[PDB]
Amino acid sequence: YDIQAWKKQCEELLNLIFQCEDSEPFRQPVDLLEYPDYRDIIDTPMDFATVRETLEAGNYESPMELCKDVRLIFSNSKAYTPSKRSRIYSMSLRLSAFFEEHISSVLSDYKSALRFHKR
């Protein structure tokens, strides 16, 4: 029932994502010089360094907020892909499955801890 445990659990999950070769296109903001029309399609850019920085700044209140930003990285990749068979999109699908598999217990434990706090 540790209400604060999610933060280090998220730091460790982010460390695992950074070690994954599938995260390489998503470690830094999309290069607008290489994809000049990117902001015509994508309203809110997001990447794993921004997520890590937001967490380290103490600007996430809950793992649900972190999860919303990580999910935005994947929906941006799906929205920008010209094909469902593109390399970067295919990497986002595997990385998304890995993320969802690992974030599930973080979300469950935090919500359980908060319910216990308000029992």
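Rigid core: the largest C-alpha set superposing within 1.5 Å between the two forms. Quick note: we count residues from 1 along the sequence shown, nothing fancier.
Colleague: Name the stretch that deviates more in 8 other deposited structures of this protein: 47-55, or 81-89? Use RMS CA distance to the shown form, core superposed.
Modeller: Result of the core-fitted comparison in 8 other deposited structures of this protein: 81-89 deviates more.
Colleague: To spell it out: superpose each other structure in 8 other deposited structures of this protein onto this one by the rigid core, compute Cα RMS over structures and residues for 34-42 and for 65-73. Which is larger?
Modeller: After the core superposition, the stretch with higher RMS deviation in 8 other deposited structures of this protein is 34-42.
Colleague: For the C-alpha atoms alone, is the average B factor greater in 30-38 or in 57-65, going by the entry?
Modeller: Of 30-38 and 57-65, the stretch with the higher C-alpha B-factor average is 30-38.
Colleague: Return the residue from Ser83, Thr50, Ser92, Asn76 that has the highest Cα B-factor in the entry.
Modeller: That would be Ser83, according to the entry.
Colleague: Ranking the modelled residues of this chain by C-alpha B-factor as given in the entry, is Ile17 in the lowest, middle or highest third?
Modeller: Its C-alpha B-factor belongs to the middle third of this chain's values.
Colleague: Test of reading the entry: by CA B factor among the chain's modelled residues, which third contains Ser105?
Modeller: Top third by C-alpha B-factor.
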